[PDB]
Amino acid sequence: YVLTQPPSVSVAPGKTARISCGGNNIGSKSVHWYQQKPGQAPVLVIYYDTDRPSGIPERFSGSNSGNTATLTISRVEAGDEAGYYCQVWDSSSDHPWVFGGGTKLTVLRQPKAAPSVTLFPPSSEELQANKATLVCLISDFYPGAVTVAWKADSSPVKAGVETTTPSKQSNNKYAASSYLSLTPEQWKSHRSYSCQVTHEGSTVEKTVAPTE
Amino acid sequence: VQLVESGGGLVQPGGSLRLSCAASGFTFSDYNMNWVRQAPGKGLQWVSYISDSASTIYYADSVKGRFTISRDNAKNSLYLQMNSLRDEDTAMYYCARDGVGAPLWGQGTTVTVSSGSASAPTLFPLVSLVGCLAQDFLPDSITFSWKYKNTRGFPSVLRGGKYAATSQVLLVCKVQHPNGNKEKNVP
């Protein structure tokens, strides 16, 4: 049995989102609807077509008829931006449960937030291990598309740069880190290292001092 | 009324691992259990159907003839034997109450097959506003707890075959990992 979901659906805040999930006469079956925010476990928000559980806001509504079951989120909030999966229950097929490909609901038009950058030098316990790792931490920024420019004193660097892709946090704002691996010889050779987090055509300062 | 998945970790490819699911708050026997997995970032996937206190089994084709499901009605626990582990089986495995009432989902446990040897996180302090570096661990199951005597973490990155994560607090560090629980204090 085949379930089809649109891969991506995006709306404006306050507008309604309608997540379609189709199947040959899916109305004659029972459909559930799981909402999974990134990092959390899947949450049941609609079960048995139309019913919604406890603690689910009334704006989450469901419908199942003909060849398409639909999860209609009215008055969409940024807190609703998540992946949504329809699940069909049929105690007659050799695949009792059958999930859909899922739909990641993105809430456009969210307010931007300036990145909070925190540059960290290698540890005194790390230089004794012949290691040297710079850590550049970025928090509470939207959208989640930053470009970390690692520069050493006046010169720019290329090797050792390893940046993570931003992961959404509780306040729907993204966070990402960027590590610069170097040698203890180059740490006490230069006099200052800097992490230039370039976000939305707007860098942000951060500098450390190998002295202390 | 809760479900507790456990037994996941790091296994070598082609190996075997046993997953458990402790039940509580209901008559475990009268309701059908399911195993549901989910590749990282990908979609959901049903794995195995075990039926009620009886014995009726249904399998996902990916693990058909490989994984084996079982349950203990007296001890109120569900089991899922996994065989010939592959990278297609590296996922978050969930144990769910298929029944009359709203389905119960326990917090899933991660199973990760890996080509590198399992290793414990190494903690280094970070000062300038203060932080905690946890690097050279495997698999990525890091978690920070900032308990001091007198709050959210960052995602991990891959460096040289192992992962590394960090964090920081507002204005002693302790992390939990199956290979080893580490601690470090900062000034």
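Residues numbered from 1 in each chain as written, not as in the entry; some residues may be left out. Chains lettered and ligands numbered in written order. Heavy atoms only, no water.

Method of structure determination, per the deposited record: X-ray crystallography was used for this entry, reaching 3.43 Å resolution.

Would you mind showing me how to read the state of the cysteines here?
In protein structure, a disulfide is the covalent linkage between the sulfur atoms of two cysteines. Residue and element names in this part refer to chain A. All told, the structure shown has four disulfides over all chains when counted by the stated rule. Disulfide pairing places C21 opposite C86 at an S-S distance of 2.0 Å. In this structure the cystine formed by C21 and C86 twists about its S-S bond by roughly 75°; its chirality is therefore right-handed. Of this pair, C21 sits in strand β2 (residues 17-22) while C86 is found in strand β7 (residues 83-89), placing the two residues 65 residues apart along the sequence. (Disulfide = S-S within 2.5 Å. Helix = DSSP H or I, 4+ residues; strand = E, 2+ residues; numbered from the N terminus.)

Would you mind going over the domain arrangement of chain A with me for this structure?
The parts lose accessible area when they come together, and the size of an interface is often stated as this lost area. All names here are of chain A. Looking at the assigned domains, one finds that chain A contains domain 1 (8-107) and domain 2 (116-208). In this structure, domain 1 and domain 2 have C-alpha centres spaced 39 Å apart. The interface is formed by five residues belonging to domain 1 together with four residues belonging to domain 2. The largest per-residue losses of area from domain 1 upon contact with domain 2 belong to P38, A78 and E81, which jointly make up 75% of the total buried on that side. Where domain 1 touches domain 2, the interface holds one salt bridge. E81 is paired through a salt bridge with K168; the nearest N and O atoms lie 3.9 Å apart. Here domain 1 and domain 2 share one residue pair in polar contact between them. Here the residues of the side of domain 1 that touches domain 2 are counted per class, giving three nonpolar, one polar and one charged. (Domains from an automatic or database assignment. Contact = heavy atoms within 4.5 Å. Buried area = accessible area lost by both parts, 1.4 Å probe. Salt bridge = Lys/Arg side-chain N within 4 Å of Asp/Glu carboxyl O. Polar contact = N/O pair within 3.5 Å; in protein donor to acceptor, adjacent residues only side chain to side chain. Nonpolar A, V, L, I, M, F, W, Y, C, P; charged D, E, K, R; others polar.)

Which parts of the structure should I look at to understand the sheet that holds strand β12 (residues 122-126) of chain B?
Hydrogen bonds between backbone groups are what pair the strands of a sheet, and the pairing can be parallel or antiparallel. All names here are of chain B. Judged by pairing direction, the sheet is antiparallel, and its four strands sit side by side in the order β12-β13-β16-β15 without closing on themselves. Of all strands in the sheet, those bounded by a partner on one side alone are β12 and β15 (157-159). Mean inter-strand twist for the sheet, computed between neighbouring axes without regard to direction, equals 25°. One ladder, built from five bridges, connects β12 with strand β13 (residues 131-137); its direction is antiparallel. Residue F124 lies in a different strand from β13, and its bridge partner there is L133. (Pairing = 2+ DSSP bridges. Axes fitted to C-alpha atoms, helices over the stretch in contact; angles between N-to-C directions.)

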